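For reference, start-v4.cif (mmCIF, C-alpha atoms and all ligand atoms):
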```
data_entry
loop_
_atom_site.group_PDB
_atom_site.id
_atom_site.type_symbol
_atom_site.label_atom_id
_atom_site.label_comp_id
_atom_site.auth_asym_id
_atom_site.auth_seq_id
_atom_site.Cartn_x
_atom_site.Cartn_y
_atom_site.Cartn_z
ATOM 1 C CA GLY A 1 0.000 0.000 0.000
ATOM 2 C CA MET A 2 2.914 2.419 -0.785
ATOM 3 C CA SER A 3 0.385 4.583 -2.774
ATOM 4 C CA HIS A 4 -2.422 4.523 -0.100
ATOM 5 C CA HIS A 5 -3.486 8.132 0.844
ATOM 6 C CA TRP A 6 -6.543 7.425 3.093
ATOM 7 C CA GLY A 7 -6.766 8.768 6.637
ATOM 8 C CA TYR A 8 -9.181 10.435 9.076
ATOM 9 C CA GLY A 9 -8.944 14.066 7.783
ATOM 10 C CA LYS A 10 -11.737 16.067 6.043
ATOM 11 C CA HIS A 11 -10.174 15.380 2.614
ATOM 12 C CA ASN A 12 -9.155 11.701 3.063
ATOM 13 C CA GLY A 13 -11.482 10.391 5.827
ATOM 14 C CA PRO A 14 -14.202 7.721 5.886
ATOM 15 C CA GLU A 15 -16.603 9.497 3.456
ATOM 16 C CA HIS A 16 -13.815 9.348 0.771
ATOM 17 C CA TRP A 17 -12.647 5.732 1.242
ATOM 18 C CA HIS A 18 -15.187 4.229 -1.242
ATOM 19 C CA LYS A 19 -13.359 5.893 -4.209
ATOM 20 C CA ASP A 20 -10.201 3.712 -3.741
ATOM 21 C CA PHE A 21 -12.012 0.870 -1.842
ATOM 22 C CA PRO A 22 -15.511 0.401 -3.348
ATOM 23 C CA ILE A 23 -16.223 -2.439 -0.825
ATOM 24 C CA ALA A 24 -16.713 0.513 1.649
ATOM 25 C CA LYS A 25 -20.384 0.383 0.432
ATOM 26 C CA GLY A 26 -20.561 -3.430 0.711
ATOM 27 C CA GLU A 27 -23.062 -5.807 2.333
ATOM 28 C CA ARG A 28 -21.119 -6.581 5.563
ATOM 29 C CA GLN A 29 -19.226 -3.435 6.568
ATOM 30 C CA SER A 30 -18.037 -2.565 10.070
ATOM 31 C CA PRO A 31 -18.458 -1.007 12.541
ATOM 32 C CA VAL A 32 -22.226 -1.029 13.281
ATOM 33 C CA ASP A 33 -24.536 0.288 15.943
ATOM 34 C CA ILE A 34 -25.500 -2.527 18.324
ATOM 35 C CA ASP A 35 -29.250 -2.141 19.033
ATOM 36 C CA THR A 36 -29.340 -3.994 22.405
ATOM 37 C CA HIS A 37 -33.143 -4.538 22.209
ATOM 38 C CA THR A 38 -33.004 -6.109 18.668
ATOM 39 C CA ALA A 39 -29.916 -8.322 19.359
ATOM 40 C CA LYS A 40 -31.212 -11.823 20.174
ATOM 41 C CA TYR A 41 -29.787 -14.253 22.727
ATOM 42 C CA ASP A 42 -28.409 -17.265 20.819
ATOM 43 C CA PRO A 43 -28.319 -20.311 23.171
ATOM 44 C CA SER A 44 -26.314 -22.189 20.409
ATOM 45 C CA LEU A 45 -23.189 -19.937 20.863
ATOM 46 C CA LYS A 46 -20.441 -22.203 22.419
ATOM 47 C CA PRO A 47 -18.378 -20.852 25.383
ATOM 48 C CA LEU A 48 -15.780 -18.125 24.391
ATOM 49 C CA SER A 49 -12.158 -19.155 25.084
ATOM 50 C CA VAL A 50 -9.484 -16.403 25.372
ATOM 51 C CA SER A 51 -6.151 -18.247 25.986
ATOM 52 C CA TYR A 52 -3.422 -15.563 26.315
ATOM 53 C CA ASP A 53 -1.183 -17.207 29.009
ATOM 54 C CA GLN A 54 1.599 -17.947 26.403
ATOM 55 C CA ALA A 55 1.213 -14.616 24.490
ATOM 56 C CA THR A 56 4.616 -13.244 23.296
ATOM 57 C CA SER A 57 4.516 -9.501 22.520
ATOM 58 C CA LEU A 58 7.421 -8.216 20.398
ATOM 59 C CA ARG A 59 7.080 -4.601 19.359
ATOM 60 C CA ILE A 60 4.883 -1.485 19.297
ATOM 61 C CA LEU A 61 4.539 0.488 16.021
ATOM 62 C CA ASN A 62 2.998 3.885 15.130
ATOM 63 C CA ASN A 63 1.652 3.107 11.591
ATOM 64 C CA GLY A 64 0.279 6.666 11.007
ATOM 65 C CA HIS A 65 -3.340 5.505 11.715
ATOM 66 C CA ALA A 66 -3.028 4.016 15.241
ATOM 67 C CA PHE A 67 -0.359 2.077 17.163
ATOM 68 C CA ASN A 68 -0.122 -1.709 16.999
ATOM 69 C CA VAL A 69 1.223 -3.968 19.759
ATOM 70 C CA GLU A 70 2.492 -6.943 17.751
ATOM 71 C CA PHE A 71 2.741 -10.585 18.837
ATOM 72 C CA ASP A 72 4.727 -13.624 17.717
ATOM 73 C CA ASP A 73 2.022 -15.526 15.706
ATOM 74 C CA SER A 74 4.478 -18.165 14.298
ATOM 75 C CA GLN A 75 3.090 -20.797 16.791
ATOM 76 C CA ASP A 76 -0.276 -21.372 18.580
ATOM 77 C CA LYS A 77 0.529 -19.202 21.654
ATOM 78 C CA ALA A 78 -2.253 -16.614 22.279
ATOM 79 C CA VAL A 79 -5.490 -17.994 20.703
ATOM 80 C CA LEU A 80 -9.192 -17.187 20.574
ATOM 81 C CA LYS A 81 -11.718 -20.014 20.080
ATOM 82 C CA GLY A 82 -15.316 -20.910 20.964
ATOM 83 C CA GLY A 83 -18.211 -18.482 20.964
ATOM 84 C CA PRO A 84 -19.347 -18.135 17.319
ATOM 85 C CA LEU A 85 -15.977 -19.397 15.986
ATOM 86 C CA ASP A 86 -15.176 -22.669 14.220
ATOM 87 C CA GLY A 87 -11.499 -23.648 14.867
ATOM 88 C CA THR A 88 -8.530 -21.640 16.219
ATOM 89 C CA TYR A 89 -7.633 -17.966 15.739
ATOM 90 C CA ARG A 90 -4.161 -16.715 16.582
ATOM 91 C CA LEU A 91 -3.511 -13.253 18.084
ATOM 92 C CA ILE A 92 -1.342 -11.113 15.738
ATOM 93 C CA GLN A 93 -1.759 -7.554 17.137
ATOM 94 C CA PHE A 94 -3.943 -5.198 19.108
ATOM 95 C CA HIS A 95 -4.611 -1.512 18.615
ATOM 96 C CA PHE A 96 -7.109 1.174 19.640
ATOM 97 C CA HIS A 97 -9.403 3.784 18.070
ATOM 98 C CA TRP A 98 -10.058 6.934 20.158
ATOM 99 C CA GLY A 99 -11.465 10.416 20.103
ATOM 100 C CA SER A 100 -10.408 14.031 20.576
ATOM 101 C CA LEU A 101 -12.925 14.203 23.545
ATOM 102 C CA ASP A 102 -14.246 11.578 25.949
ATOM 103 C CA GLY A 103 -17.725 11.605 24.250
ATOM 104 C CA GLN A 104 -16.464 9.960 21.021
ATOM 105 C CA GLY A 105 -13.795 7.515 19.851
ATOM 106 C CA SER A 106 -15.388 4.068 19.624
ATOM 107 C CA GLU A 107 -16.198 2.505 16.256
ATOM 108 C CA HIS A 108 -19.043 0.261 17.422
ATOM 109 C CA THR A 109 -21.832 2.054 19.287
ATOM 110 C CA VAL A 110 -24.347 0.604 21.762
ATOM 111 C CA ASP A 111 -27.877 2.048 21.334
ATOM 112 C CA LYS A 112 -26.053 4.966 19.563
ATOM 113 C CA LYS A 113 -23.743 5.511 22.617
ATOM 114 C CA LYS A 114 -20.125 6.284 21.659
ATOM 115 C CA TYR A 115 -17.395 5.266 24.131
ATOM 116 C CA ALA A 116 -14.107 7.191 24.571
ATOM 117 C CA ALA A 117 -12.140 4.449 22.758
ATOM 118 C CA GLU A 118 -12.274 0.877 21.496
ATOM 119 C CA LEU A 119 -9.588 -1.869 21.754
ATOM 120 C CA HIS A 120 -9.311 -4.370 18.877
ATOM 121 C CA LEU A 121 -7.497 -7.656 19.505
ATOM 122 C CA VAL A 122 -6.942 -9.051 15.997
ATOM 123 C CA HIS A 123 -6.755 -12.843 15.377
ATOM 124 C CA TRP A 124 -6.450 -14.910 12.198
ATOM 125 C CA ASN A 125 -7.882 -18.339 11.415
ATOM 126 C CA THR A 126 -5.004 -20.886 11.481
ATOM 127 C CA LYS A 127 -6.698 -23.003 8.750
ATOM 128 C CA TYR A 128 -5.497 -20.342 6.198
ATOM 129 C CA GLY A 129 -1.815 -20.563 7.257
ATOM 130 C CA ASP A 130 -0.945 -16.787 7.228
ATOM 131 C CA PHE A 131 -2.657 -13.464 7.959
ATOM 132 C CA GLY A 132 -2.406 -12.330 4.291
ATOM 133 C CA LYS A 133 -4.326 -15.434 3.108
ATOM 134 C CA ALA A 134 -6.816 -15.197 6.012
ATOM 135 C CA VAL A 135 -7.953 -11.647 5.045
ATOM 136 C CA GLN A 136 -9.083 -13.051 1.633
ATOM 137 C CA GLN A 137 -11.608 -15.381 3.385
ATOM 138 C CA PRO A 138 -15.083 -14.599 4.826
ATOM 139 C CA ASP A 139 -14.102 -16.342 8.098
ATOM 140 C CA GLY A 140 -10.429 -15.299 8.036
ATOM 141 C CA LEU A 141 -10.274 -13.013 11.091
ATOM 142 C CA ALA A 142 -11.847 -12.723 14.514
ATOM 143 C CA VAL A 143 -11.577 -9.289 16.169
ATOM 144 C CA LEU A 144 -12.371 -9.023 19.881
ATOM 145 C CA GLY A 145 -13.621 -5.480 20.521
ATOM 146 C CA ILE A 146 -13.552 -3.919 23.992
ATOM 147 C CA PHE A 147 -14.961 -0.487 24.839
ATOM 148 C CA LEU A 148 -13.024 2.025 26.977
ATOM 149 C CA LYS A 149 -14.703 4.562 29.247
ATOM 150 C CA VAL A 150 -12.893 7.277 31.249
ATOM 151 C CA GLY A 151 -12.857 6.785 35.022
ATOM 152 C CA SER A 152 -10.426 4.697 37.114
ATOM 153 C CA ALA A 153 -7.008 3.887 35.595
ATOM 154 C CA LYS A 154 -6.481 0.471 33.973
ATOM 155 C CA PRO A 155 -3.227 -0.685 35.631
ATOM 156 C CA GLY A 156 -2.564 -3.234 32.838
ATOM 157 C CA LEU A 157 -2.624 -0.391 30.223
ATOM 158 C CA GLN A 158 0.072 1.812 31.870
ATOM 159 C CA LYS A 159 3.060 -0.005 30.207
ATOM 160 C CA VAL A 160 1.488 0.901 26.810
ATOM 161 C CA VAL A 161 0.899 4.537 27.906
ATOM 162 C CA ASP A 162 4.528 4.981 29.062
ATOM 163 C CA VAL A 163 6.124 3.663 25.805
ATOM 164 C CA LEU A 164 4.071 6.051 23.580
ATOM 165 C CA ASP A 165 6.663 8.864 24.083
ATOM 166 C CA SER A 166 9.130 6.691 22.022
ATOM 167 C CA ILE A 167 6.720 6.148 19.026
ATOM 168 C CA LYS A 168 5.249 9.660 18.704
ATOM 169 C CA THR A 169 5.342 9.798 14.866
ATOM 170 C CA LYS A 170 4.421 7.583 11.907
ATOM 171 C CA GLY A 171 6.959 4.811 11.227
ATOM 172 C CA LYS A 172 8.512 4.759 14.751
ATOM 173 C CA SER A 173 8.651 1.389 16.566
ATOM 174 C CA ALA A 174 9.987 0.264 19.974
ATOM 175 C CA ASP A 175 10.792 -3.130 21.490
ATOM 176 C CA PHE A 176 7.714 -4.151 23.541
ATOM 177 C CA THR A 177 8.340 -7.600 24.967
ATOM 178 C CA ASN A 178 6.558 -9.376 27.860
ATOM 179 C CA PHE A 179 3.329 -7.328 27.675
ATOM 180 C CA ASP A 180 0.370 -9.382 29.015
ATOM 181 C CA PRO A 181 -2.856 -8.614 27.086
ATOM 182 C CA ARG A 182 -4.898 -10.368 29.839
ATOM 183 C CA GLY A 183 -4.463 -7.043 31.733
ATOM 184 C CA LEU A 184 -6.753 -5.292 29.158
ATOM 185 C CA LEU A 185 -9.796 -7.619 29.597
ATOM 186 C CA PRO A 186 -12.915 -6.778 31.624
ATOM 187 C CA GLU A 187 -14.269 -9.314 34.168
ATOM 188 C CA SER A 188 -17.177 -10.570 31.999
ATOM 189 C CA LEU A 189 -16.787 -12.201 28.555
ATOM 190 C CA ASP A 190 -20.499 -11.575 27.685
ATOM 191 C CA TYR A 191 -20.537 -10.437 24.031
ATOM 192 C CA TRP A 192 -22.397 -9.558 20.866
ATOM 193 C CA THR A 193 -21.289 -11.058 17.541
ATOM 194 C CA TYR A 194 -21.971 -10.409 13.849
ATOM 195 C CA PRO A 195 -20.246 -10.869 10.481
ATOM 196 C CA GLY A 196 -18.393 -7.761 9.285
ATOM 197 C CA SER A 197 -15.265 -6.196 7.883
ATOM 198 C CA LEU A 198 -11.994 -4.482 8.620
ATOM 199 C CA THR A 199 -12.843 -0.955 9.787
ATOM 200 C CA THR A 200 -9.895 0.590 7.820
ATOM 201 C CA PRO A 201 -8.953 0.219 4.186
ATOM 202 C CA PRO A 202 -8.837 -2.231 2.552
ATOM 203 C CA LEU A 203 -12.241 -2.785 4.335
ATOM 204 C CA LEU A 204 -12.176 -6.540 3.475
ATOM 205 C CA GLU A 205 -15.291 -8.514 4.543
ATOM 206 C CA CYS A 206 -13.270 -11.131 6.449
ATOM 207 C CA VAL A 207 -14.088 -10.516 10.125
ATOM 208 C CA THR A 208 -16.224 -12.260 12.733
ATOM 209 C CA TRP A 209 -16.744 -9.447 15.237
ATOM 210 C CA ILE A 210 -16.981 -10.306 18.939
ATOM 211 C CA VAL A 211 -17.758 -7.129 20.946
ATOM 212 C CA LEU A 212 -17.696 -7.429 24.750
ATOM 213 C CA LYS A 213 -20.625 -5.865 26.633
ATOM 214 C CA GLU A 214 -18.536 -4.785 29.672
ATOM 215 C CA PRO A 215 -16.262 -1.772 29.021
ATOM 216 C CA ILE A 216 -12.875 -1.346 30.719
ATOM 217 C CA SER A 217 -12.152 1.862 32.639
ATOM 218 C CA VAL A 218 -9.033 3.937 31.803
ATOM 219 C CA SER A 219 -8.022 7.239 33.416
ATOM 220 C CA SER A 220 -8.242 10.693 31.783
ATOM 221 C CA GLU A 221 -4.390 10.803 31.971
ATOM 222 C CA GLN A 222 -4.106 7.463 30.087
ATOM 223 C CA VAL A 223 -6.347 8.549 27.163
ATOM 224 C CA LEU A 224 -4.737 12.065 27.124
ATOM 225 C CA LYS A 225 -1.382 10.347 26.305
ATOM 226 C CA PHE A 226 -3.031 8.542 23.325
ATOM 227 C CA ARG A 227 -4.119 11.994 22.055
ATOM 228 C CA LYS A 228 -0.482 13.313 22.071
ATOM 229 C CA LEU A 229 0.532 10.780 19.384
ATOM 230 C CA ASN A 230 0.962 12.100 15.822
ATOM 231 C CA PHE A 231 -0.493 10.920 12.470
ATOM 232 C CA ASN A 232 2.481 12.670 10.750
ATOM 233 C CA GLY A 233 6.088 11.485 10.386
ATOM 234 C CA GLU A 234 9.038 13.081 12.264
ATOM 235 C CA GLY A 235 9.945 16.574 10.941
ATOM 236 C CA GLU A 236 6.430 17.048 9.404
ATOM 237 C CA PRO A 237 3.746 19.500 10.657
ATOM 238 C CA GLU A 238 2.142 18.112 13.874
ATOM 239 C CA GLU A 239 -1.313 16.506 13.373
ATOM 240 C CA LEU A 240 -2.533 14.954 16.606
ATOM 241 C CA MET A 241 -3.598 11.307 16.299
ATOM 242 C CA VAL A 242 -7.241 11.741 17.440
ATOM 243 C CA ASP A 243 -10.620 10.685 15.998
ATOM 244 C CA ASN A 244 -9.108 7.658 14.190
ATOM 245 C CA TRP A 245 -12.538 5.900 14.142
ATOM 246 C CA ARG A 246 -14.900 4.945 11.318
ATOM 247 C CA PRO A 247 -18.564 5.720 12.084
ATOM 248 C CA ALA A 248 -21.290 3.055 12.164
ATOM 249 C CA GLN A 249 -22.221 1.532 8.780
ATOM 250 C CA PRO A 250 -25.566 0.137 7.550
ATOM 251 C CA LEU A 251 -26.476 -3.213 9.161
ATOM 252 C CA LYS A 252 -28.126 -4.423 5.871
ATOM 253 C CA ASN A 253 -28.985 -8.185 5.873
ATOM 254 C CA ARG A 254 -27.384 -9.005 9.270
ATOM 255 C CA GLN A 255 -28.460 -10.102 12.725
ATOM 256 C CA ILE A 256 -26.432 -9.316 15.830
ATOM 257 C CA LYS A 257 -26.473 -12.214 18.307
ATOM 258 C CA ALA A 258 -26.000 -11.951 22.090
ATOM 259 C CA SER A 259 -24.141 -14.565 24.197
ATOM 260 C CA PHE A 260 -26.222 -13.589 27.274
HETATM 261 N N1 LIG B 301 -9.795 -2.047 12.923
HETATM 262 S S1 LIG B 301 -9.661 -3.569 12.493
HETATM 263 O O1 LIG B 301 -9.472 -4.366 13.681
HETATM 264 O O2 LIG B 301 -10.759 -3.915 11.628
HETATM 265 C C1 LIG B 301 -8.185 -3.759 11.507
HETATM 266 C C2 LIG B 301 -7.333 -4.863 11.713
HETATM 267 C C3 LIG B 301 -6.162 -5.009 10.934
HETATM 268 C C4 LIG B 301 -5.835 -4.083 9.950
HETATM 269 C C5 LIG B 301 -4.510 -4.197 9.215
HETATM 270 O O3 LIG B 301 -3.471 -4.064 9.868
HETATM 271 N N2 LIG B 301 -4.470 -4.351 7.889
HETATM 272 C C6 LIG B 301 -5.635 -4.494 7.032
HETATM 273 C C7 LIG B 301 -5.585 -5.833 6.290
HETATM 274 N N3 LIG B 301 -4.269 -6.115 5.682
HETATM 275 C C8 LIG B 301 -4.142 -6.670 4.470
HETATM 276 O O4 LIG B 301 -5.109 -6.915 3.777
HETATM 277 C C9 LIG B 301 -2.762 -7.007 3.968
HETATM 278 C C10 LIG B 301 -2.147 -6.189 3.017
HETATM 279 C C11 LIG B 301 -0.878 -6.502 2.537
HETATM 280 C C12 LIG B 301 -0.224 -7.631 2.985
HETATM 281 C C13 LIG B 301 -0.821 -8.456 3.915
HETATM 282 C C14 LIG B 301 -2.080 -8.149 4.397
HETATM 283 C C15 LIG B 301 -3.136 -5.839 6.577
HETATM 284 C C16 LIG B 301 -3.237 -4.468 7.162
HETATM 285 C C17 LIG B 301 -6.674 -2.972 9.758
HETATM 286 C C18 LIG B 301 -7.862 -2.822 10.506
HETATM 287 ZN ZN ZN B 302 -9.410 -1.498 14.709
#
```
Could you quickly redo this structure as structure tokens?
Amino acid sequence: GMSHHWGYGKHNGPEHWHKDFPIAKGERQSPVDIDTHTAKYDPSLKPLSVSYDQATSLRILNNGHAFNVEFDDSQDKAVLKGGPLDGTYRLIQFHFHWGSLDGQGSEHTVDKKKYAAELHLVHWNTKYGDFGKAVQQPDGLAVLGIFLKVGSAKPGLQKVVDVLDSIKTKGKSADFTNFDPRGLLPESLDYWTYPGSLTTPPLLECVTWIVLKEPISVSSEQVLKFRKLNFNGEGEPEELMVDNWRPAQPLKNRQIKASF
């Protein structure tokens, strides 16, 4: 994507993406509003299994859109299974979407409520061998989405917050070993699920979304550090990395199912 020019500005933001990525107007785009009254309990959903005890983080990268905490996905270490999923999905990275103000930032909404931010733990289906092959399949990825609200600090997030000073600008990375993603989970694994897409270009319709009902709390100081990151590269005019979220897309011919 060396000739990609999409972003979150007025001239290159979500309303423009369809010109280079026509699937932006597709039949299973993400995110969506979760209408809690219309979502139906599905007693057939199997238990959700988040097995992160052997997770091996490697690095954190500012990619000019968000920051990714990257994992070693060359063995079954950190895996997601159960719930709506058939087979085994390996954790490759997590990242966040967040706002300029606490009243916006999430991609999914709940009865039109926007949270301050949203965490995406990205996993790929091991039956397709590599992430690049998985994104070409309708059941290639499983993204576990977790809402953030501003209140108490999340102790398990602080190691991420403190390293951000070293990856301020696009293209900067830092070693980020021994980070435990279990420290970012809420108590309950109750969730909603639906078939959708990547929420950034290339917007591929390859994702089973699993969105947890219980948000995690982070402090105002933690999210303020996210908002000091830059979309720009070093030695370019400063553009704060804020409002890096896609709004809700049409649900079209989809049902959202509840685990609870
Ligand atoms: N917000 S999200 O969780 O839907 C999400 C997850 C992953 C990504 C991502 O990092 N990419 C989009 C898919 N993608 C590819 O299709 C790809 C392109 C080139 C080589 C290999 C893979 C990799 C980059 C973007 C958005
Ligand atoms: Zn995301």
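Nearest to ligand LIG 301 (chain B) of all the residues A:90, A:40, A:246, A:127 is A:246, based on all atoms listed in the file.
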Let me have all residues with an atom within 7 Å of ligand ZN 302 (chain B), counting all atoms listed in the file, laid out as a PyMOL selection string. chain A and resi 95-97+120+199
File of the preceding selection, C-alpha atoms, as an mmCIF file, in the frame of the given file:
```cif
data_model
loop_
_atom_site.group_PDB
_atom_site.id
_atom_site.type_symbol
_atom_site.label_atom_id
_atom_site.label_comp_id
_atom_site.auth_asym_id
_atom_site.auth_seq_id
_atom_site.Cartn_x
_atom_site.Cartn_y
_atom_site.Cartn_z
ATOM 1 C CA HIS A 95 -4.611 -1.512 18.615
ATOM 2 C CA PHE A 96 -7.109 1.174 19.640
ATOM 3 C CA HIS A 97 -9.403 3.784 18.070
ATOM 4 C CA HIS A 120 -9.311 -4.370 18.877
ATOM 5 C CA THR A 199 -12.843 -0.955 9.787
#
```
Compile the contact shell of region 193-195 of chain A as a list in words: residues with an atom at most 9 Å away, counting all atoms listed in the file, same-chain residues fewer than 4 positions apart removed. residues 28, 29, 30, 83, 84, 138, 139, 205, 206, 207, 208, 209, 210, 211, 212, 254, 255, 256, 257, 258 and 259 of chain A
Enclose all atoms of region 39-47 of chain A listed in the file in an axis-aligned box, grow every side by 3 Å, and hand back centre and edge lengths in Å to one decimal, as AutoDock Vina command-line options.
```
--center_x -24.8 --center_y -15.3 --center_z 22.4 --size_x 18.8 --size_y 19.9 --size_z 12.0
```
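Atom to atom, atom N3 of ligand LIG 301 (chain B) and CA of residue 34 (chain A) stand 25.0 Å apart.
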6 Å from ligand LIG 301 (chain B) is the threshold here; counting all atoms listed in the file, which polymer residues fall inside it? Answer as a PyMOL selection string. chain A and resi 120+122+132+135+143+198-200+202
I'd like the contact shell of region 182-186 of chain A - 7 Å cut-off, all atoms listed in the file, skipping same-chain residues fewer than 4 positions apart - returned as an MDAnalysis selection string. chainID A and resid 52 156:157 214:216
A:62, A:51, A:56, A:126: which is nearest residue 88 (chain A), counting only C-alpha atoms? A:126
I'd like to see the residues matched by the PyMOL selection byres (((chain A and resi 67) around 12) and not hetatm) on this file, and ideally I'd get them as a ChimeraX atom specification. /A:59-66,68-70,93-98,119-120,160-161,163-174,226-227,229-231,241-242,244
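Near residue 117 (chain A), within a cut-off of 8 Å and counting only C-alpha atoms, sit the residues residues 96, 97, 98, 99, 104, 105, 106, 107, 147, 148 and 149 of chain A, with same-chain residues fewer than 6 positions away left out.
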May I have the residues from that selection written out with C-alpha atoms, as a PDB file, in the coordinates of the input?
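Okay, result-v5.pdb is ready:
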```pdb
ATOM      1  CA  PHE A  96      -7.109   1.174  19.640  1.00  0.00           C
ATOM      2  CA  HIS A  97      -9.403   3.784  18.070  1.00  0.00           C
ATOM      3  CA  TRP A  98     -10.058   6.934  20.158  1.00  0.00           C
ATOM      4  CA  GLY A  99     -11.465  10.416  20.103  1.00  0.00           C
ATOM      5  CA  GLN A 104     -16.464   9.960  21.021  1.00  0.00           C
ATOM      6  CA  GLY A 105     -13.795   7.515  19.851  1.00  0.00           C
ATOM      7  CA  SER A 106     -15.388   4.068  19.624  1.00  0.00           C
ATOM      8  CA  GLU A 107     -16.198   2.505  16.256  1.00  0.00           C
ATOM      9  CA  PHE A 147     -14.961  -0.487  24.839  1.00  0.00           C
ATOM     10  CA  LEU A 148     -13.024   2.025  26.977  1.00  0.00           C
ATOM     11  CA  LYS A 149     -14.703   4.562  29.247  1.00  0.00           C
TER      12      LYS A 149
END
```
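Residues in contact range of residue 109 (chain A), defined as at most 6 Å between only C-alpha atoms, with sequence neighbours fewer than 3 positions away removed, read residues 33, 34, 112, 113 and 114 of chain A.
Atom pair CA of residue 25 (chain A) / CA of residue 10 (chain A): separated by 18.8 Å.
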Expected residue set, 6 Å radius at (-17.0, 9.7, 26.3), only C-alpha atoms, as a ChimeraX atom specification: /A:102-104,115-116
